[PDB]
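Per-entry structural report
So you can see what is in the structure, the chains are spelled out below.
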2 protein chains.
Amino acid sequence: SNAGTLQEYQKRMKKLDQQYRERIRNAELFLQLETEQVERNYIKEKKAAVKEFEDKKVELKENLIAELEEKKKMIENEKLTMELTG
Amino acid sequence: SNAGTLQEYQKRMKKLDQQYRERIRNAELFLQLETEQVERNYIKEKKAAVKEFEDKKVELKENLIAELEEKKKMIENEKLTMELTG
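In this report, we go over the structure that sits alongside the text. (Residues numbered from 1 in each chain as written, not as in the entry; some residues may be left out. Chains lettered and ligands numbered in written order. Heavy atoms only, no water.)

Moving on: the relation of the copies chain A and chain B. Once chain A is rotated about the relating axis by 180° and shifted along it by 0.0 Å, it coincides with chain B to within an RMSD of 0.0 Å. Those values place the two copies in the arrangement expected of a two-fold rotation axis. Using C-alpha coordinates, one finds that chain A approaches the rotation axis most closely at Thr35 of chain A, a distance of 3.2 Å. (Least-squares fit on C-alpha atoms.)

This is how it looks when you write it as structure tokens:
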């Protein structure tokens, strides 16, 4: 009489529960995948930091080599200027 | 003669190293803060899942109460129809 109505209700309650448990499960999985992405980003940033360090060190050394050659020339010009101006 | 140039260079090399170490340190800290945010998001989602479950269960039960009252009325109408149509 009400048997079918009560039956539908219990079916639907069980589905709500299934959906709740699946939503919680998906949250747990999403947490793990998000955490992995955060870890990847960390690895990427450290690689970028090492590359920056290495690139800047190259630039500093190449600039030093050029500066030592330049100071040589300036020194020569100063010798000339001193010869010219007694 | 080159002493000051070499001095500046060593100063700058030390600063590059300081900046590299700080960049790595900041990455480690950022990892921890990002990880905490991922954890907050997980907690938030589970709360939202519990609320959804509870809200849907209320709705299902309130609908059942209304449906049982409605079936009552339909049943009465069917009794009348049967009396009228022999």
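A separate point is helix α1 (residues 3-84) of chain B. For α1 of chain B, which comprises 82 residues, the first-to-last C-alpha distance of 119 Å matches the rise-based estimate of 122 Å (1.5 Å per residue) to within 8%. Positioned one or two residues after α1 of chain B, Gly86 of chain B has a phi angle of 55°, which is positive. (Helix = DSSP H or I, 4+ residues; strand = E, 2+ residues; numbered from the N terminus. Expected span 1.5 Å × (residues − 1).)

We now examine the interface of chain A and chain B. Contact with chain A, which involves 36 residues of that partner, is made by 36 residues of chain B. Together, the buried faces of chain A and chain B total about 3500 Å²; carbon and sulfur atoms form 73% of this surface. Counting across the interface, chain A meets chain B through four salt bridges. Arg23 of chain A is paired through a salt bridge with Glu52 of chain B; the nearest N and O atoms lie 2.9 Å apart. (Contact = heavy atoms within 4.5 Å. Buried area = accessible area lost by both parts, 1.4 Å probe. Salt bridge = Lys/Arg side-chain N within 4 Å of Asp/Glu carboxyl O.)

One can describe the packing of helix α1 (residues 3-84) of chain A onto α1 of chain B by two numbers: an axis separation of 9 Å at closest approach and a directional angle of 170°. It follows that α1 of chain A is roughly antiparallel to α1 of chain B by the angle criterion. A per-class count over the contact of α1 of chain A with α1 of chain B returns 34 nonpolar, six polar and 28 charged. (Axes fitted to C-alpha atoms, helices over the stretch in contact; angles between N-to-C directions. Parallel < 35°, antiparallel > 145°, perpendicular 65-115°, else oblique. Nonpolar A, V, L, I, M, F, W, Y, C, P; charged D, E, K, R; others polar.)

Attention shifts here to the nonpolar core. Grouped together as the largest cluster of nonpolar side chains are eight residues: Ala27, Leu31, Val38 and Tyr42 of chain A together with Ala27, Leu31, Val38 and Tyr42 of chain B. Mapped onto this core, the elements with two or more residues apiece are α1 of chain A together with α1 of chain B. Those residues in contact with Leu31 of chain A, other than ones at most four positions away along the chain, are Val38, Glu39 and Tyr42 of chain B. (Core = buried A, V, L, I, M, F, W, Y, C linked by side-chain atoms within 4.5 Å. Buried < 20%, exposed > 50% of the residue type's maximum accessible area, 1.4 Å probe, protein only.)

Structurally, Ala49 of chain B can be placed in helix α1. Spatially, the C-alpha atom of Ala49 of chain B lies 45 Å from that of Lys79 of chain B, the residues being 30 residues apart in sequence. Once you skip the residues sitting within four places of it in the chain, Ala49 of chain B turns out to touch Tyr20, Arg23 and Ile24 of chain A.

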